[PDB]
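What follows is a short report on a single structure.
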Ligand SMILES: *[C@@H]1O[C@H](CO[C@@H]2O[C@@H](C)[C@@H](O)[C@@H](O)[C@@H]2O)[C@@H](O)[C@H](O)[C@H]1NC(C)=O
Ligand SMILES: *[C@@H]1O[C@H](CO)[C@@H](O)[C@H](O)[C@H]1NC(C)=O
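Residue numbers (PDB author numbering), protein chains in the order written: chain B, 1 to 99; chain P, 1 to 8; chain A, 1 to 274.
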């Protein structure tokens, strides 16, 4: 019940360069609830990210989704940066389009 | 519609 | 099939930073449909699903007032719990509640529930019979005794058997095009090298609704549930869900392993290989 977040980054559709899509950062299994979540394109904060799907599991840990529309290209990078009291420094998790 | 909670 | 109405309620104190943060988030099945967040600039109950546009202004006003009333009860609760547990005023604490009901395909009640946690640990829960509570510690026993003398279980049972069920039926009626749909999974397998002559095979299921799904890997007709890694089913930003499951296999033997996908939108389960 200090539980460190699991951070998962994934697209809605298999990525195709130049095709609109949705990028997700699902931050899960964490406690306490205070948290900061940012989505980054080439290291710059993406504006208008939607937060949704807040819930908790049977063990009371928190879950929440950040998502945004995006159009991938070959070399733009995307990441989700999370600050939580369980970690000394923010954790940045990159989208792995080949997973 | 949610419940109207009372204090514990 | 059966359906559920669930509210996830959270109150979090923040000593030195003003009033607690208070949130309610409602779901019909796996679909978020309403929310209240005290940290919004002018906090109000808000729709989260398109079909909630079918509720008129009076709904939003009434549910907003209810949320504000609930917010006040949880503010008092945070203070009360410091007393029950003999804790100081300087630390942040959390109350969580899950509340709701489930109905069968015919709209009749299957079950109701309401369970509380304090700092991420069970506090008090309504028993399945909807008549008594069970308390996890001596603080919760004080609550149980208060609620018993006040007739709280009768009020809660009336909500769960009546109001909750009636609202759930209405939401299913209004949101039928969204809530009663089935979106079939689309699946694929990715492959990754490892040190040693092994490979990771990852089976993906994308674009599905509802969220319940089963992914398995088999070898020789036997499921490998032990050898598998997986992620919990997760929302994908448009009201659908996704999942993956992986296994590590010997290089050159990938052909013997099959991924199987079972879902309400798959008349026959999918079988796929790398
Ligand atoms: C969903 O139900 C429709 C009829 O019900 C009504 O229209 C819906 C959208 C709600 O507003 C409800 O309160 C009304 O009574 C059917 O016309 C329609 O075909 C159904 N849609 C699907 C996908 O089955
Ligand atoms: C409450 O905590 C304080 C120590 O912080 C102690 O002096 C006091 O006696 C405690 N009360 C009980 C009932 O344990």
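Yeah, the Cβ is synthetic: ideal placement off N, Cα and C, and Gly gets one too.
Check the Cβ of residue i against every Cβ in chain P and list those closer than 7 angstroms, keeping chain order.
i, result
"residue 163/A", "1"
"residue 159/A", "3"
Thinking C-alpha only, which one of the options is nearest residue i?
i, options, result
"residue 104/A", "21/A, 182/A, 5/A, 183/A", "5/A"
"residue 117/A", "25/B, 32/B, 7/B", "32/B"
"residue 57/B", "73/A, 72/A, 87/A, 115/A", "115/A"
"residue 93/B", "1/B, 14/B, 27/B, 20/B", "27/B"
"residue 8/P", "165/A, 138/A, 255/A", "138/A"
"residue 59/A", "222/A, 170/A, 232/A, 2/A", "170/A"
"residue 74/B", "45/B, 64/B, 96/B", "96/B"
"residue 68/A", "43/A, 80/A, 188/A, 18/A", "43/A"
"residue 77/B", "50/B, 9/B, 42/B", "42/B"
"residue 21/B", "252/A, 268/A, 238/A", "238/A"
"residue 94/A", "205/A, 12/A, 226/A", "12/A"
"residue 215/A", "190/A, 255/A, 244/A", "244/A"
"residue 51/B", "167/A, 236/A, 131/A, 252/A", "236/A"
Going by beta carbon distance, what residues of the same chain come within less than 6 angstroms of residue i, once the five residues before and after it are set aside?
i, result
"residue 258/A", "218, 271, 273"
"residue 63/A", "45"
"residue 16/A", "none"
"residue 36/B", "83"
"residue 122/A", "136"
"residue 99/A", "7, 114"
"residue 144/A", "133, 135"
For my contact list, residue i and residue j are in at a C-beta cut-off of 8 angstroms; report their separation, rounded to the angstrom.
i, j, result
"residue 68/B", "residue 23/B", "6 angstroms"
"residue 84/A", "residue 142/A", "6 angstroms"
"residue 2/A", "residue 102/A", "6 angstroms"
"residue 183/A", "residue 250/A", "With 8 angstroms as the limit, residue 183/A and residue 250/A do not qualify as a contact, their Cβ atoms being about 35 angstroms apart."
"residue 1/B", "residue 120/A", "4 angstroms"
Closer than 9 angstroms by beta-carbon distance: list the chain A residues that pair up with residue i, in chain order.
i, result
"residue 12/B", "206, 207, 236, 237, 238, 240, 242"
"residue 67/B", "235, 236, 237, 238"
Whose Cβ in chain B lies nearer than 8 angstroms to the Cβ of residue i?
i, result
"residue 92/A", "32, 34"
"residue 202/A", "99"
"residue 231/A", "8"
"residue 255/A", "None at all; the shortest Cβ gap to chain B is about 21 angstroms."
"residue 226/A", "Chain B residues near residue 226/A: none, gap ~21 angstroms exceeds 8 angstroms."
Give me the chain A residues within the contact set of residue i, using Cβ-Cβ distance strictly less than 7 angstroms, ordered along the chain.
i, result
"residue 53/B", "32, 235"
In chain order, what residues of the same chain have a beta carbon less than 7 angstroms from the beta carbon of residue i, not counting five sequence neighbours either side?
i, result
"residue 48/A", "32, 33, 34, 35"
"residue 87/B", "4"
"residue 179/A", "28, 29, 31, 172"
"residue 224/A", "217, 218, 247"
"residue 208/A", "183, 184, 185, 240, 241, 263, 265"
"residue 19/B", "71"
Name the chain B residues whose beta carbon is nearer than 9 angstroms to that of residue i?
i, result
"residue 101/A", "Here the premise fails: no neighbours, minimum Cβ distance about 17 angstroms."
"residue 190/A", "98, 99"
Which residues in chain P have a C-beta closer than 8 angstroms to the C-beta of residue i? List them in chain order.
i, result
"residue 73/A", "5, 6, 7"
"residue 26/A", "2"
"residue 167/A", "1"
"residue 10/A", "Under the 8 angstroms cutoff, chain P gives no residues; its nearest Cβ is about 12 angstroms from residue 10/A."
Quick one: what's got a C-beta closer than 8 angstroms to residue i's C-beta in the same chain, skipping five residues either side?
i, result
"residue 48/B", "68"
Residues of chain P with CB closer than 9 angstroms to the CB of residue i, please, in chain order.
i, result
"residue 63/A", "1, 2"
For residue i, go through chain A and note every residue whose CB falls closer than 8 angstroms to its CB, in chain order.
i, result
"residue 70/B", "Ordered by position in chain A, no residue passes the 8 angstroms Cβ test against residue 70/B, which lies about 10 angstroms from the chain."
"residue 1/B", "119, 120, 121"
What residues in the stretch 144–156 of chain A have a beta carbon less than 9 angstroms from any beta carbon of chain P? 146, 147, 150, 152, 155, 156
Could you name the residues of the stretch 112–146 of chain A whose beta carbon sits closer than 9 angstroms to any beta carbon of chain B, in the order they occur along the chain? 117, 119, 120, 121, 122
Check each residue of the stretch 12–29 of chain B: if its Cβ is closer than 9 angstroms to any Cβ of chain A, include it; give the result in chain order. 12, 13, 14, 22, 23, 24, 26, 28, 29
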